[PDB]
Structure formats: structure tokens, C-alpha cells
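Please read the structure below before turning to the comments.
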Amino acid sequence: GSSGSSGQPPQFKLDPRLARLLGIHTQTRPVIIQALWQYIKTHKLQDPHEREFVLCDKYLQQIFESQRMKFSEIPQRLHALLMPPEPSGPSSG
């Protein structure tokens, strides 16, 4: 755990499949994580088997690709969906 300190906030680029899913072009971690949580809550993606797991919906199943995962594994898969909203070099790939 480590939050910014004087300067632009920690914003992460949302995947092309998520950026739309939630509609969050680019936000922070504590801003996205929520927008997501609000999804499993609203979409009641809560695993019917466990209370700590969450069954990714058709969409999520296409983003996370995890039929069933732990709520604590949500932030572990976000890192993937979360990308650096910054360049690096010309010619991608």
C-alpha cells in the first residue's frame, strides 16, 4: 500500500473491454475497484456457492476469464485491466 503525495493522483487506464463495461475511461484504483464492486453488488455477481467468491458474468468471463474467483482475487486481476495511461516509445508491439 502506497498512495501518491503532492501531485497528480494515481490513475490507471481501463482495458478496452472494461473501459466500456464500467465506462470509466481512466480513474484511480480506489475509484475503479469501487465502480467494479458496485457491479458485483448491482449485478449480484456474488457466487451462489460461496460468500467470498464471485462468479464473473458473461462479460467478466471475457475480461477476467475466471468462472469463479475470490473477492480478494478481484484486485489481483485488476492490475491486468489497469494499464499505464502513458507512452513509452514509438511503434507499438
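Its first residue numbered 1, the sequence shown is counted upward by one per residue in PDB author numbering.
By construction, the Cβ of each residue, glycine as well, lies at the ideal position given by its N, Cα and C atoms.
Give the range of the beta strand (DSSP E) segment to which residue i is assigned.
i   : result
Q11 : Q11 to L14
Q27 : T26 to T28
Could you check the C-alpha separation between residue i and residue j for me, to the nearest Å?
i   : j   : result
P87 : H43 : 34 Å
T26 : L36 : 13 Å
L82 : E65 : 15 Å
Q46 : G1  : 26 Å
Assuming residue i and residue j make a contact with CB atoms under 8 Å, what is their CB distance in whole Å?
i   : j   : result
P10 : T28 : 5 Å
Taking the alpha helix (DSSP H) that residue i belongs to, which residues open and close that run?
i   : result
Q76 : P75 to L81
For the segment 16 to 59, list the alpha helix (DSSP H) runs that are entirely contained and at least 4 residues long, ordered along the chain.
For the segment 16 to 59, whole alpha helix (DSSP H) runs of length 4 or above, ordered along the chain, are 18 to 21 and 29 to 42.
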